[PDB]
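All remarks here apply to the structure that follows.
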Amino acid sequence: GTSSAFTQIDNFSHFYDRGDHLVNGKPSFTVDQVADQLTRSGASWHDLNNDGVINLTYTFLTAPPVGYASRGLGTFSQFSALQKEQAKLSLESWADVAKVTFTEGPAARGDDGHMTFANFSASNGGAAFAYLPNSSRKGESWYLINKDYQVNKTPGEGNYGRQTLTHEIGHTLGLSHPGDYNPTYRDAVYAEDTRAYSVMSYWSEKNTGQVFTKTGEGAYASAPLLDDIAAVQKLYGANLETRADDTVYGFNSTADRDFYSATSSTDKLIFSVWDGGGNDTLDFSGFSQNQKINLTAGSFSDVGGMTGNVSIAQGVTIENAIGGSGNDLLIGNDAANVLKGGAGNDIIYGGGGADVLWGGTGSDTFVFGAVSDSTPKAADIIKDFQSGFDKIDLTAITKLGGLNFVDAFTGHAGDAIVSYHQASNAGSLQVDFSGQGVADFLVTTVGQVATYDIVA
Ligand SMILES: [Ca+2]
Ligand SMILES: [Ca+2]
Ligand SMILES: [Ca+2]
Ligand SMILES: [Ca+2]
Ligand SMILES: [Ca+2]
Ligand SMILES: [Ca+2]
Ligand SMILES: [Ca+2]
Ligand SMILES: [Ca+2]
Ligand SMILES: [Zn+2]
C-alpha cells in the first residue's frame, strides 16, 4: 500500500481520464476523438492564395443586405460599440490557437473569405445563428436583440452574451455541435458533451460533475475550451507564434487576455491554456480555496473553489504552478518545474526532471512516485524545507517497506542516508533502492532534514 498523500495525487491525475470506457452510459471520447466529431461536416475555409494561413476579413454591417427582408428577422440594426469590442476579443481568442486571422474591412481581392455581423429584432429568428464556411451565406452570423431577449446587448467576459459570439464564430469556422441533438444531455453521443469541454455544447458542466457556479448566477467560458482548440487546430493548424516567451496566467497574468486574468479571490476562471513556448506559470496565489493543479498537457485542474474549470491544451508544456492559501495538490510534468505551495498544507508531486519545490507556510508533503523522479544527476530541491513540519514521501516506491538509515551504503537495498551541511544550511537524502551500494535517488534541500521527516 501507500500513504494518503500519494493516493490523493494519483486520484487527481486520473480523475478526468478520457477514452475507452463508459461514462453516464455513454462512450468517453478523447480530445482527438472529439476534435473529429466537431469537424464531421467536412466544411472549412480554404487557403486560396496559398500563404499557409487563413486570412479573413469581416464587416459590421451598417445596412441590411440584398434580400434581407425575406429572412423574417424583423428590424435590422448595426452592432453597437460594445458588441464590436467583444466580437474582436472573441475573434482574437480563435486567432490565438489556429492559423486564422481576422481583419476588419470589406471583402478584398486576396482574402480567403469574408464575415459579417449584425443584429435583428424578430424573436422567430432565434437567439442567434451562423452558417458553415461551405454554404452560400458562409461567414455570416446574426444576433437577436429586443425587449424580451437582451443578453446579446451587453456581452462581456464570463457571460453568455460573450460565449454566444465565440460559439457562432465557431460555426463560421466549420465547427459543429457535439451531436445532432425536446433535446437533453441524454441525447448526447459521447460523455464529455458539456460546456466544460467545448463552448459548442448545449449542456451544462453539471452533467459531467464539474461545478462552476451556484443557481441564480451565470458562468460561461469566454474563449475556446480544450476540445474547441483541438477541433480548430485540426482544421487550420496550430498557431505557435502565440505567447512564445515566458507567460504567467491567472493572478499577475502577463497573457493580456481578459479570460486568463485574475485580480480577485472571487473571480471565476474557466479557460483552457494555449501557449507557444517559453517558461510558463499558472499563478493561482490569490485564491483561498483548496485547489488541484495539474501541469500535464491536456489535463484538468480545480481552480479557485471550482472544479474542472481550468485546463492546459494538448501539445502545450507549462512549467510552473502557484497554489493559494488553501490545502492544495500540485502535479508537475516531465519538465523541470518550479512548484509553489503557498500557505496551507500542500501536497507537491514533482514528476520527472530536476524540480524546484517550495512548500510555503503550513505542513507540506513532497511526494515521489518513482526513482526516476529525483536522481543523483537530476535531483529535486526543496527551497524551504521545515523539519518536523514538512515530510518527504517515498511511500509509492517503498510501498511501506521502510528504509534503513545509515551513514554509508553497505550494499543492501533500502539503505538511506540523511546528511546536513551546517555551513550552507543544505541538507540531502540519498537511498540505494536497487541495492548496488551507491545512491540511485537524491533529494536536496535548503534546511536540515531529519530521519523522522521521511515517510516510507
Ligand atoms: Ca491565405
Ligand atoms: Ca509562453
Ligand atoms: Ca512552455
Ligand atoms: Ca496552498
Ligand atoms: Ca517535473
Ligand atoms: Ca512548509
Ligand atoms: Ca504550504
Ligand atoms: Ca522530479
Ligand atoms: Zn450552435
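With PDB author numbering applied, the sequence shown corresponds to residues 3 to 183, 189 to 463, in that order.
The C-beta atom is built at its ideal place from N, Cα and C for all residues, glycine as well.
Check: Contact the region 407–422 vs the region 336–355: 3+ CB pairs below 8 Å; Outcome: no
Check: Sheet register partners of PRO29 (DSSP bridge); Outcome: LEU24
Check: Cβ shell of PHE307 (< 6 Å), same chain only, five flanking positions each side left out; Outcome: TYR18, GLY315 and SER318
Check: Coarse secondary structure for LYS347, derived from DSSP in three states; Outcome: strand
Check: Any non-hydrogen atom of ligand 6 closer than 6 Å to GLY366 Cβ; Outcome: yes
Check: Proximity test, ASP19 beta-carbon vs ligand 6 heavy atom, cut-off 6 Å; Outcome: no
Check: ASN148, enclosing alpha helix (DSSP H) - first and last residue; Outcome: Run containing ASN148: none; DSSP gives neither H nor E here.
Check: Under 7 Å, CB to nearest heavy atom of ligand 5: contacting residues; Outcome: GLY339, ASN340, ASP341, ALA342, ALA343, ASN344, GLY357, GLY358, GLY359, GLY360 and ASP362
Check: Closer than 7 Å: residues whose CB approaches a heavy atom of ligand 2; Outcome: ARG250, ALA251, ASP252, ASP253, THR254, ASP282, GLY283, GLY284, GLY285 and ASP287
Check: Coarse secondary structure for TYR256, derived from DSSP in three states; Outcome: strand
Check: Distance cut-off 6 Å: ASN57 Cβ against heavy atoms of ligand 1; Outcome: yes
Check: Cβ-Cβ distance between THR324 and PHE392 below 7 Å; Outcome: no
Check: Touch test, the region 69–88 against the region 116–123, Cβ-Cβ under 8 Å, three pairs minimum; Outcome: yes
Check: Opposing strand residues paired with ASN121 [DSSP bridges]; Outcome: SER79 and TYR145
Check: Where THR105 falls, given that 16 or more other Cβ within 10 Å makes a residue buried; Outcome: exposed
Check: Residues of its chain near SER370, where Cβ-Cβ distance is below 7 Å and the 5 sequence neighbours each way are ignored; Outcome: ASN352, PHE396 and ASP397
Check: Local Cβ density within 10 Å of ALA420, reported as buried at 16 or more and exposed below that; Outcome: exposed
Check: Beta-carbon separation (whole angstroms), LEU276 vs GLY311, contact threshold 8 Å; Outcome: 6 Å
Check: Which of helix, strand or coil DSSP assigns to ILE404; Outcome: helix
Check: Length at least 3, wholly inside the region 399–454: the beta strand (DSSP E) runs in chain order; Outcome: 422–428, 433–439 and 448–453
Check: Distance between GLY360 and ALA385 (C-alpha atoms, nearest Å); Outcome: 6 Å
Check: At least three beta-carbon pairs within less than 8 Å, the region 328–342 to the region 232–246; Outcome: no
Check: Extent of the continuous beta strand (DSSP E) to which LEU336 belongs; Outcome: 336–338
Check: Helix, strand or coil at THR156 [DSSP, three-state]; Outcome: coil
Check: Near ligand 4: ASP397 beta-carbon under 6 Å from a heavy atom; Outcome: no
Check: Contact set for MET313: own chain, Cβ-Cβ below 7 Å, skip 5 residues either direction; Outcome: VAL218, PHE219 and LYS275
Check: In DSSP terms, what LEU58 is bridged to; Outcome: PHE104 and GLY115
Check: Pairwise C-alpha distance: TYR427 and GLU94; Outcome: 53 Å
Check: Beta-carbon proximity list for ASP22, same chain, < 6 Å, skipping 5 on both sides; Outcome: none
Check: Residue interval of the alpha helix (DSSP H) (run including residue 186); Outcome: Coordinates for residue 186 are lacking, as the chain steps from 183 to 189 with nothing built in between.
Check: Buried or exposed (CB count within 10 angstroms, at least 16 for buried), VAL438; Outcome: buried
Check: Which of helix, strand or coil DSSP assigns to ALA269; Outcome: strand
Check: Three or more C-beta pairs below 8 Å linking the region 81–97 and the region 125–135; Outcome: no
Check: Cβ contact (3+ pairs, closer than 8 Å) linking the region 170–178 and the region 195–213; Outcome: yes
Check: The beta strand (DSSP E) enclosing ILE388, as first and last residue numbers; Outcome: 387–389
Check: Check your reading: residues with Cβ closer than 6 Å to ligand 9 heavy atoms; Outcome: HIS169, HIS173 and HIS179
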